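A.B. asks: Enclosed are the sequence and the experimentally obtained structure.
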Amino acid sequence: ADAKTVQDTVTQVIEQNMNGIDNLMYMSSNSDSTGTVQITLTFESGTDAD
Amino acid sequence: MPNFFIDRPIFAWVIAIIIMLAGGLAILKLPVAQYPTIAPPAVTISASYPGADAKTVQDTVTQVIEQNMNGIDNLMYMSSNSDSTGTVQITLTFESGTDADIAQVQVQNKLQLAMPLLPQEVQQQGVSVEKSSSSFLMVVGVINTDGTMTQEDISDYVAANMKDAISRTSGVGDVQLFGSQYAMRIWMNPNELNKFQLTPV
Amino acid sequence: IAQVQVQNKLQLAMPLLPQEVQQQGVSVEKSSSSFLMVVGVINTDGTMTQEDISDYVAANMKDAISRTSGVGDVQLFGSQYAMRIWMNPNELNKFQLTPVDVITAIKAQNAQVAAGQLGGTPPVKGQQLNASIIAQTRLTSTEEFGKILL
Amino acid sequence: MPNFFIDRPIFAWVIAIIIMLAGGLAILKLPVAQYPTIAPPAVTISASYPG
Amino acid sequence: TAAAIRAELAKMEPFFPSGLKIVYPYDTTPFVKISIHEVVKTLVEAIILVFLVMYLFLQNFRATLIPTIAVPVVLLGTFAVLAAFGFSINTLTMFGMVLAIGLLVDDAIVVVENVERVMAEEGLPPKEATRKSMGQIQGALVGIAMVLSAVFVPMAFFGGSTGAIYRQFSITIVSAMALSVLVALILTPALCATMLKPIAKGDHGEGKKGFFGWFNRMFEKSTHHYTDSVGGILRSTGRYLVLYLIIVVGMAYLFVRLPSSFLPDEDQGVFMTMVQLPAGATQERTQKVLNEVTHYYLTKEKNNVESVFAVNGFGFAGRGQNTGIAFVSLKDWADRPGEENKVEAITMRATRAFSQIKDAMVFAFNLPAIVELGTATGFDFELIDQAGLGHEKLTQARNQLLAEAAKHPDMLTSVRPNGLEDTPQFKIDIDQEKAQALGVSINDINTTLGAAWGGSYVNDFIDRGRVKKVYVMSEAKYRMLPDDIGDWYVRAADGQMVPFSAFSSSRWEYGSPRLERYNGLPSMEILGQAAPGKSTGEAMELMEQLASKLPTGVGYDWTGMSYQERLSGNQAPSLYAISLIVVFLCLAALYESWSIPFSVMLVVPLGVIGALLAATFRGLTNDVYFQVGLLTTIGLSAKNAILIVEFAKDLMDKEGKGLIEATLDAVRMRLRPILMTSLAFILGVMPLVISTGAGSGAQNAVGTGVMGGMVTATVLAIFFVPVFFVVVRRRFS
Amino acid sequence: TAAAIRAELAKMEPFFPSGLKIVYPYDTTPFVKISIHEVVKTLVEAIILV
């Protein structure tokens, strides 16, 4: 699946549902032409990783 | 002790200043609110079926969720309200003092057991689980002074470019938008459909 | 915390399980292998059969007992009632039908359909009545299932 | 210390009654079971396929 | 969270299109920053008020400088330990600070006056004067830390929602008390011997040469007038012991007649309106009612209202075409003067006008003190469908209870169902045979009915780099009336279009718009209130008895505000009783006997009398602030009482004086601090009593009870305490 | 947990049909209340013996 085909489908559907989360600092999503996507949620330093 | 404090009165000042600086740093670091979280933690489950009557949803969604809502810790009671509009709301109120985060997990995990028994219609819309209070902290209204934007346009701007970041902000358990985000509406005409021999299908 | 990681990873395997397994449902529990107690239920009047006691305990007892805190898992010594459609192959071959046609007929007749709302939002300004619509509703008796047209 | 406790024997009774009331409230609040959870925590996954 | 939201919107502000402006119609943040500011103002005012009372007795500026440096060190110290125990700067924690100021100034006023007392009686240098001054109160102060903690600490063991409210106060006061006693041995003695100027023996400020000399002469004359009066009352011990029985009986009568209501309703500047229309009412009809409501606030309440945020199709129970809400915001507290411009009166005036509304129920109400706790305002009852009788049978069973409860308005008031009444609904019967005969599938029919009348989510689409839904639905005009069903056609196998009229039969039936299910089983919510003069437990017991007369298979359960009970009358006195037993122990350890302890145990009703007298006449109820205020007056009255009997006991054992000679000589030395204590405390809690605006509701409830209570705790106790010691040293000797 | 289960079943008892009766064929609760009672008896006996 091409870049625009995945970033429009998967990323946007995940990012929009990524609401109602504790101690979150920022959300950085990288999505490329190979098909794979990677949303990273970096939380405040010291929070319960589990 | 005071017999040692008369010879050394500076030691009394030092420990007092130490206690004063400890309180000075405390006021600057301690969070300010009107009242503390005294309420028992309540996690809520919320699903929706488009254009489905009361009996059609309460029989389908509620009963399929309630039956799978077993094997949960420190639960006090389960109160489910379901109406004709399609929406359902199962509330699991836990014992006052329990880990809000841990208690919210058990709910979602058990909800995933009921997830394939919910109809495609409910799954498509999406069921949400939130550890939220029933009271609003504040309401942030948005108005158009120039009159360039309609009620539905303001509703969409606030939804498509405001609600996203506001909901992500820590502490915010749930955001209720007073309107709706834009959607591609295809308003069918039955006379025109019958004419060209077509159906909504 | 340990029980979470299991269920979260199980959701990664969930779409690779066949529909048959998903429909039945996979459960994750942090439970011990030993029974604390067993609460047997008997009929002194003999008015209820083994399957009837099994259903009463399941439909009106197991629900609340499983919800009670500390209880990790409840094992019912019987089964809750279910609509059993015991097919006869000779009668099926006679009327030229297959189990496929039987499952297709039940799926079509025993159903709950989202009808909508009469005079709903967005309404044409001047509407006085706003009532819900009811289409097909699920069947409740053996007699209702008996009248399923194949 | 006992040289101060002979003049004040009530202080010894008070602290003992404080320790006795602390144990009295403890038995009434502490949960009763036969053995403690000594077992390693085991989580189980369970699925089923009809026939 | 809220300041971050304001920061989030500030970063969005430059990208907004032409016209788009932000408005705040509902906010709790301004009330927070004004309630805390009002408490910090009262705390600062108390420092100035304690200084002025100190200057009247201690003429020197340096003599008044010591307790003004000692007071902040306790207050700041309490915030440091508040952070250590995981608490926060809330109204509950800050109201504890305005209570503890009186308890901390007492430990600071007793130490400063005694050094001043010994320098004027024997003429010793500050080094030895303070050492001998601390020699008598060192055992008393450690004892104060042991007695006072024992009063407040048991108020933390309370469970549930209402239980955690008392847990906030229980630790905040004890922590402030522990720090005050600690600094009264570490900082107060060292300053007493370095800052205070040495005084010559025999001097009482007789030098005059101003207004201070007139007060010093009046004080010394009144001390001699008091010691002569206390000697006369001590001779006739009988009558005053009988007077105490009238006091303890009068205390018990006022305590039981006083009503109980927890946490008072405050003017938060924001309130809400409930809009509920009948069954089958439309959005257009609801807007007609909402416009009428919006009209009232904007025309008949111009001077009070600031902004109205009316929402159609959103309610408290949930969604619906017949439900509406209105978040009403008001102008600044200063801009709204008088009781008539307060939320309590505005809501009453609104409901009186909203009562005269045709075919609609509308009522406005203030916020229930804190967020959505509201464990007060009555009770809630549930009706479980235990046998599986059905919804139709459970409605009938509910109707029987509501009729049998309304006939007894002497115990139950406003017994109503929380749920929504059964609305008629249009049932459509798709004949399975008729559909198969024509050549149309049930899957095609169901899709045609669902997508047209109810709407259907097809798939997604992108609009300006944002995924949004695609919905298929019929145009409004073609789906408003029952006859619009025939206008819809389904394509058959042979290509022929068959209308719904050909294969369907439709009729009107009755059904519930909202079905409730409590704990898996079907339920029905019943909201009611206990009749005036009757308790909640008495109203619940009647409802439990009415549910027994209800048809078979229908059960009952209490939820939320009914699951959790009010602490007062249940375990609250019982928790003051373990506090009573622990208190007896900590004082017995200091008095080294079983007899003497009872002398300070009998000073307890002397403090309660003033607290009840103030609450009854003002009209205030037995609330959390009153109960914690009661706890403060008990510990403070005992603090004055212990110091009198300690001074009388110490001279008796350490000195060669008897019983009468030891009491009269100690009571004249102790008349100065007690008078200084009350005059600093009553004037210190005086702003809270006269307070108006935001926080005033709690300010008055904390103030009056602790002010009134202190009046009798120093007027009655000054004459009763020596009588309590003379009666206990006669019975056991 | 077990005493709450006994309380749960007690609230279900009045809605049971004709014939339906509860029986306890396996229980560890009686042994707990008799083992603790036997140890508390031995502890009391030790006070008398000392």
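C.D. replies: Looks like it came in fine. Residues are numbered from 1 along each chain as shown, chains lettered A, B, ... in the order given.
A.B. asks: For the closest residue to residue C:131 other than its chain neighbours, give its distance to chain A.
C.D. replies: In this structure, residue C:131 finds its nearest non-sequential neighbour in residue C:118, 4.9 Å apart by Cβ to Cβ, 6 or more residues apart in numbering or on different chains. (Each C-beta comes from the backbone N, C-alpha and C, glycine too.) Taking Cβ to the nearest Cβ, to the nearest Å as the criterion, residue C:118 is separated from chain A by 33 Å.
A.B. asks: ok, now how distant is the spatially most central residue of chain A from residue B:159?
C.D. replies: Per Cα atoms, centre = their mean, the C-alpha nearest to the average position across chain A is that of residue A:39, at 2.3 Å. Applying Cβ to Cβ, to the nearest Å, the value for residue A:39 to residue B:159 is 21 Å.
A.B. asks: try residue C:10
C.D. replies: Distance of residue C:10 to residue B:159, computed by Cβ to Cβ: 34 Å.
A.B. asks: Now for the residue nearest to residue C:131: which residues touch it?
C.D. replies: C:129-133, E:426, E:453, E:479-482 (Cβ atoms under 8 Å, 6 or more residues apart in numbering or on different chains).
A.B. asks: tell me the contacts of the residue sitting furthest away from the middle of chain C?
C.D. replies: Computed with Cα atoms, centre = their mean, the residue of chain C farthest from its C-alpha average is residue C:126, at 43.0 Å. Under the criterion of Cβ under 8 Å, 6+ apart, the neighbours of residue C:126 are residue E:284.
A.B. asks: Got the phi and psi for residue 27?
C.D. replies: Picked chain A for this. The phi and psi values for residue A:27, taken as degrees, to the nearest 10, are phi -130, psi 110.
A.B. asks: think we crossed wires, I meant chain C
C.D. replies: Torsion angles, degrees, to the nearest 10, at residue C:27: phi -110, psi 140.
A.B. asks: Do I have it right that it meets residue D:46?
C.D. replies: Yes. Contact status for residue C:27 versus residue D:46: in contact at 5.0 Å, counting by Cβ atoms under 8 Å.
A.B. asks: which bits of chain A sit near chain C?
C.D. replies: residue A:50 (Cβ under 8 Å from any Cβ of the partner chain).
A.B. asks: Next, the buried residues of stretch E:396-412.
C.D. replies: Of the residues in stretch E:396-412, E:397-398, E:401-402, E:404-405, E:411-412 count as buried by neighbour count, 16 or more other Cβ atoms under 10 Å in any protein chain shown.
A.B. asks: near chain C, from those?
C.D. replies: Counting by Cβ under 8 Å from any Cβ, no member of the buried residues of stretch E:396-412 is near chain C.
A.B. asks: Of those residues, which is the nearest to residue C:109?
C.D. replies: residue E:397 (32.6 Å; Cβ to Cβ).
A.B. asks: picking up where we left off before, in strands, which of the buried residues of stretch E:396-412 fall?
C.D. replies: residue E:412 (DSSP state E).
A.B. asks: Now distance to chain F too, for the buried residues of stretch E:396-412, in CSV please.
C.D. replies: Converted to CSV, the buried residues of stretch E:396-412 look like this (distance: Cβ to the nearest Cβ, whole Å):
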residue, distance to chain F
E:397, 13
E:398, 17
E:401, 17
E:402, 22
E:404, 20
E:405, 21
E:411, 25
E:412, 24
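A.B. asks: From the buried residues of stretch E:396-412, pick the one nearest chain C.
C.D. replies: Comparing the buried residues of stretch E:396-412 against chain C with Cβ to the nearest Cβ places residue E:397 closest, at 17.6 Å.
A.B. asks: So what's the residue count around the residue lying closest to that closest one once chain neighbours are set aside?
C.D. replies: Closest residue in space to residue E:397, ignoring its immediate chain neighbours: residue E:554 at 4.5 Å, by Cβ to Cβ, 6+ apart. Neighbour count of residue E:554, defined by other Cβ atoms under 10 Å in any protein chain shown: 22.
A.B. asks: Residue E:554 and residue E:384, how far apart?
C.D. replies: Residue E:554 sits at a distance of 7 Å from residue E:384 (criterion: Cβ to Cβ).
A.B. asks: Where does chain A get nearest to chain B, residue-wise?
C.D. replies: residue A:19 (3.6 Å).
A.B. asks: An error on my part: the question was meant for the stretch 201-350 of chain E.
C.D. replies: For the stretch 201-350 of chain E, Cβ to the nearest Cβ, closest residue to chain B: residue E:319, 4.5 Å.
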